[PDB]
Amino acid sequence: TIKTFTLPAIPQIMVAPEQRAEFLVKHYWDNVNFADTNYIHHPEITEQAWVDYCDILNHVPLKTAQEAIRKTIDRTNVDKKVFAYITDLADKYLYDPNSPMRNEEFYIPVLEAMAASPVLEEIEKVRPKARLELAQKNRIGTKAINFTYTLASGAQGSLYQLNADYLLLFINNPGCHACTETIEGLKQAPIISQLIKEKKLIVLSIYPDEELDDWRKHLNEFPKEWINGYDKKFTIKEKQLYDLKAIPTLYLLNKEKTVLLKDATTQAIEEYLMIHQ
């Protein structure tokens, strides 16, 4: 009964779903030899094993998942080519904006393991250390980075000068079809319209790029009920105040501007507001 990849056997005495989910995460890679040739001769099997691992990490407390992810990457230090392959899979599924499995809280322990890796050369640590620094900015549970926005009239304001129980930050681009889809998704969510009316929610749309003319002609697409601004000196982009690898991107902030949801879907924001209000 010899196979390429084998899962550890969960004992029958472990009845509690919590314990079962925890056992599966902790022992997931126990029957794998990270010094082996399973990255060349069998990448279809190995990548599917990685995909299934990212899925089971959602069923345990975040700290348990982060500890397990770190231990798994540390184990791959036995072979530089395996470390490179597994950390590349972590980027592809947990970092890439096009991945539906993207999760910055699972990618941060991967970046921490890379910055502490004895198999990486100093030049190879430049990109994970830079991604780790940027992932700290507007991290969930931390205060959002303040910035100045400019309105169509030329009037200026700052993020922290806005007063509401909730702030929905929408980083956008003009002409962008995915941006139009997001505007429609926000307009079609009844809780958004209700909390804007109750003055409980402010929607701040921010254009961070330099095509200011294209923004002025597509400004009619944004509802008048939102605060629609641009970055006059392109400070967000120049100083990397916000991670702009995915545009559009949505943030939900609380009263004190603490990040509640980072790079969230319209459905995630809508459900969050429906539950909390």
# chains A, B, ... in the order shown; residues from 1 in each chain; ligands from 1
$ residues_around --residues "range 115-128 of chain A" --least-positions-apart "6" --cutoff "9 Å" --atoms "only C-alpha atoms" --output "PyMOL selection string"
chain A and resi 74+77-80+83
$ write_last_selection --atoms "N, CA, C and O atoms" --output "PDB file, in the first residue's frame"
ATOM      1  N   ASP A  74      10.196  25.712   8.077  1.00  0.00           N
ATOM      2  CA  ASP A  74      11.480  25.447   8.760  1.00  0.00           C
ATOM      3  C   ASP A  74      12.027  24.082   8.377  1.00  0.00           C
ATOM      4  O   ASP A  74      13.229  23.939   8.142  1.00  0.00           O
ATOM      5  N   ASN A  77      14.162  23.657   5.062  1.00  0.00           N
ATOM      6  CA  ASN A  77      15.550  24.138   5.092  1.00  0.00           C
ATOM      7  C   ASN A  77      16.557  22.987   4.879  1.00  0.00           C
ATOM      8  O   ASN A  77      17.738  23.244   4.660  1.00  0.00           O
ATOM      9  N   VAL A  78      16.093  21.734   4.916  1.00  0.00           N
ATOM     10  CA  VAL A  78      16.961  20.560   4.680  1.00  0.00           C
ATOM     11  C   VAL A  78      17.480  20.511   3.218  1.00  0.00           C
ATOM     12  O   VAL A  78      18.487  19.856   2.946  1.00  0.00           O
ATOM     13  N   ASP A  79      16.789  21.182   2.285  1.00  0.00           N
ATOM     14  CA  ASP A  79      17.189  21.198   0.876  1.00  0.00           C
ATOM     15  C   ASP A  79      16.767  22.524   0.273  1.00  0.00           C
ATOM     16  O   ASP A  79      15.575  22.831   0.242  1.00  0.00           O
ATOM     17  N   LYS A  80      17.740  23.304  -0.215  1.00  0.00           N
ATOM     18  CA  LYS A  80      17.508  24.636  -0.791  1.00  0.00           C
ATOM     19  C   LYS A  80      16.493  24.614  -1.953  1.00  0.00           C
ATOM     20  O   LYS A  80      15.669  25.513  -2.051  1.00  0.00           O
ATOM     21  N   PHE A  83      12.972  24.069  -0.368  1.00  0.00           N
ATOM     22  CA  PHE A  83      12.593  25.321   0.309  1.00  0.00           C
ATOM     23  C   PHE A  83      12.028  26.307  -0.716  1.00  0.00           C
ATOM     24  O   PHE A  83      10.931  26.854  -0.506  1.00  0.00           O
TER      25      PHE A  83
END
$ closest_atom_pairs --of "range 151-186 of chain A" --to "range 217-235 of chain A" --cutoff "9 Å" --atoms "only C-alpha atoms" --output "CSV"
residue,atom,partner,partner_atom,distance
A:151,CA,A:229,CA,4.7
A:152,CA,A:229,CA,7.1
A:156,CA,A:229,CA,8.7
A:174,CA,A:218,CA,6.0
A:175,CA,A:218,CA,7.1
A:180,CA,A:221,CA,7.8
A:183,CA,A:222,CA,7.0
$ write_last_selection --atoms "N, CA and C atoms" --output "JSON list (two decimals), in the first residue's frame"
[["chain", "number", "residue", "atom", "x", "y", "z"],
["A", 151, "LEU", "N", -10.56, 66.18, -3.38],
["A", 151, "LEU", "CA", -11.88, 66.04, -4.02],
["A", 151, "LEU", "C", -11.86, 66.70, -5.39],
["A", 152, "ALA", "N", -12.92, 66.47, -6.20],
["A", 152, "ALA", "CA", -13.10, 67.06, -7.54],
["A", 152, "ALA", "C", -13.00, 68.59, -7.50],
["A", 156, "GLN", "N", -9.45, 69.48, 0.28],
["A", 156, "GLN", "CA", -8.67, 68.38, 0.84],
["A", 156, "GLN", "C", -9.19, 67.95, 2.21],
["A", 174, "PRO", "N", -9.67, 54.05, -12.83],
["A", 174, "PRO", "CA", -10.73, 54.33, -13.81],
["A", 174, "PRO", "C", -10.65, 53.39, -15.01],
["A", 175, "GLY", "N", -11.81, 53.12, -15.62],
["A", 175, "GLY", "CA", -11.93, 52.26, -16.80],
["A", 175, "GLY", "C", -11.94, 50.77, -16.50],
["A", 180, "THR", "N", -15.64, 48.52, -11.81],
["A", 180, "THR", "CA", -17.06, 48.75, -12.11],
["A", 180, "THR", "C", -17.92, 47.68, -11.42],
["A", 183, "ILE", "N", -18.07, 48.52, -7.71],
["A", 183, "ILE", "CA", -19.00, 49.64, -7.48],
["A", 183, "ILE", "C", -20.45, 49.09, -7.43]]
$ atom_distance --atom1 "CA of residue 182 in chain A" --atom2 "CA of residue 265 in chain A"
8.6 Å
$ closest_residue --among "A:63, A:237, A:112, A:273" --to "residue 87 in chain A" --atoms "only C-alpha atoms"
A:112
$ select_by_dssp --residues "range 91-224 of chain A" --states "strand (DSSP E)" --output "PyMOL selection string"
chain A and resi 148-150+156-158+166-171+201-207
$ closest_residue --among "A:188, A:153, A:254, A:240" --to "residue 202 in chain A" --atoms "only C-alpha atoms"
A:254
$ closest_residue --among "A:140, A:101, A:192, A:45" --to "residue 166 in chain A" --atoms "only C-alpha atoms"
A:192
$ select_by_dssp --residues "range 26-127 of chain A" --states "helix (DSSP H, G or I)" --output "PyMOL selection string"
chain A and resi 26-27+43-59+62-78+80-95+104-115+122-127
$ atom_distance --atom1 "CA of residue 247 in chain A" --atom2 "CA of residue 143 in chain A"
21.1 Å
$ residues_around --residues "residue 20 in chain A" --least-positions-apart "3" --cutoff "12 Å" --atoms "only C-alpha atoms" --output "ChimeraX atom specification"
/A:8-17,23-28,56,59-60
